[PDB]
Amino acid sequence: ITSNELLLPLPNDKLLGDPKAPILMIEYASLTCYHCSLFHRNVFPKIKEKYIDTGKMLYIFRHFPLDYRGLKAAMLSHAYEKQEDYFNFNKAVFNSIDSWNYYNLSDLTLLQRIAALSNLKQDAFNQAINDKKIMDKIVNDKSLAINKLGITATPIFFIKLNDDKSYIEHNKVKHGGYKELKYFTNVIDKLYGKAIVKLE
């Protein structure tokens, strides 16, 4: 129920990278948010290659849907169990932002295309996009972040030492909006140097 407890890997969190990595990044973003999509197309790949693939940073994406398409897309992501499959699904949704129907906002054809390309069966697709338990979890985790972390616009990032025993005020480790690569490498490199020294 505390912001500090919110900013650690949670039982239901979907993880990307080494769970015992020295640095932790938690991101909240809407899958239909234009600036988020651009960030994931143009900046995140290098962050992943530089810090996540290398075991330096654990990455935790949390959904923050703002509309029908984004909530349904968030629900569908739960059909993808393996960490790389989950990440690659969200990546595909970000990448395909231009392909939603901006007139009929209930049109989920894009998710149908993404499901087909990933060989997700129709029954698994239909189950996921109508799973009330998953919907509730997503919206509850979103309201919790709104309440406990004061999130309004996305993306929001929290970057901190991946140490569960440490206390840090959430605003001190928070970064909001589109940031270029050098912004993040600067922040992460500095934190990593401290992490490494601390870990002896």
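Criteria and thresholds
Residues numbered from 1 in each chain as written, not as in the entry; some residues may be left out. Heavy atoms only, no water. Pairing = 2+ DSSP bridges. Helix = DSSP H or I, 4+ residues; strand = E, 2+ residues; numbered from the N terminus. Contact = heavy atoms within 4.5 Å. Axes fitted to C-alpha atoms, helices over the stretch in contact; angles between N-to-C directions. Domains from an automatic or database assignment. Buried area = accessible area lost by both parts, 1.4 Å probe. Salt bridge = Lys/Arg side-chain N within 4 Å of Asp/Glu carboxyl O. Polar contact = N/O pair within 3.5 Å; in protein donor to acceptor, adjacent residues only side chain to side chain. Core = buried A, V, L, I, M, F, W, Y, C linked by side-chain atoms within 4.5 Å. Buried < 20%, exposed > 50% of the residue type's maximum accessible area, 1.4 Å probe, protein only.

As stated in the entry header, the method of structure determination is X-ray crystallography and the reported resolution is 1.850 Å.

J.: It is not clear to me how the sheet that holds strand 2 (residues 23-29) should be interpreted in this structure. Could you clarify?
T.: Whenever strands of a sheet pair, they do so through backbone hydrogen bonds, lying parallel or antiparallel. Taking strand neighbours across the sheet as the criterion, the 5 strands line up as 1-3-2-4-5 in an open arrangement whose pairing is mixed. The two strands at the open ends of the sheet, each matched to only one other strand, are strand 1 (15-16) and strand 5 (174-176). Note that strand 2 and strand 4 (residues 156-161) share 6 bridges and pair antiparallel. In the sheet register, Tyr28 faces strand 4, and the bridge partner there is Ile156. Helix-sheet contacts for helix 3 (residues 44-52) involve strand 1, strand 2 and strand 3 (57-63), and the interaxial angle to strand 3 is about 140 degrees.

J.: When you look at the domain arrangement of the chain in this model, what are you seeing that I'm missing?
T.: Accessible area lost during the coming together of the parts is what is often quoted as the interface size. As far as domains go, the chain holds domain 1 (1-67 + 132-200) and domain 2 (68-131). For domain 1 and domain 2, the distance between their C-alpha centres works out to 22 Å. Across the contact, 27 residues belong to domain 1 and 23 residues belong to domain 2. Approximately 2,300 Å² of surface area, both sides summed, lies buried where domain 1 meets domain 2, with 65% of it carried by carbon and sulfur atoms. When the buried surface of domain 1 facing domain 2 is broken down by residue, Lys14, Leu31 and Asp67 rank first, second and third, together holding 29% of it. For the pair domain 1 and domain 2, the interface holds 2 salt bridges. Our count for the domain 1 to domain 2 interface comes out at 15 residue pairs in polar contact. Of all the elements in the fold, those that place two or more residues in the side of domain 1 that touches domain 2 are strand 1, helix 2 (34-42), helix 3, strand 3 and helix 8 (132-149). Per element, the largest residue contribution to the side of domain 1 that touches domain 2 is 6 residues, and it comes from helix 8.

J.: Hey, could you run me through the nonpolar core in this one?
T.: Here is a general trend for soluble globular proteins: nonpolar side chains tend to be buried in one another's company. Counting 42 residues, the largest nonpolar core has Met25, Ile47, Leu76, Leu111 and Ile159 as its most contacted members. Top contributing element to this core by residue count: helix 9 (residues 181-198), with 5 residues. Summarising the domain contributions, this core has at least three residues from each of domain 1 (1-67 + 132-200) and domain 2 (68-131). The contact partners of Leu76, leaving out residues within four places of it in the chain, are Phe89, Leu111, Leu120, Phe125, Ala128 and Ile129. Core analysis: the second largest hydrophobic core is formed by 15 residues, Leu6, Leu7, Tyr28 and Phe158 among them.

J.: Quick question: what am I supposed to make of the side chain of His170 here?
T.: Residue placement: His170 occurs in the loop between strand 4 and strand 5. Taking relative accessible area as the criterion, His170 reaches 14% and is therefore assigned buried. Polar side-chain contacts of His170 include one of 3.4 Å to the side chain of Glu169. Not counting chain neighbours up to four residues away, the residues in contact with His170 comprise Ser3, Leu7, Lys148, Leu149 and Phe158.

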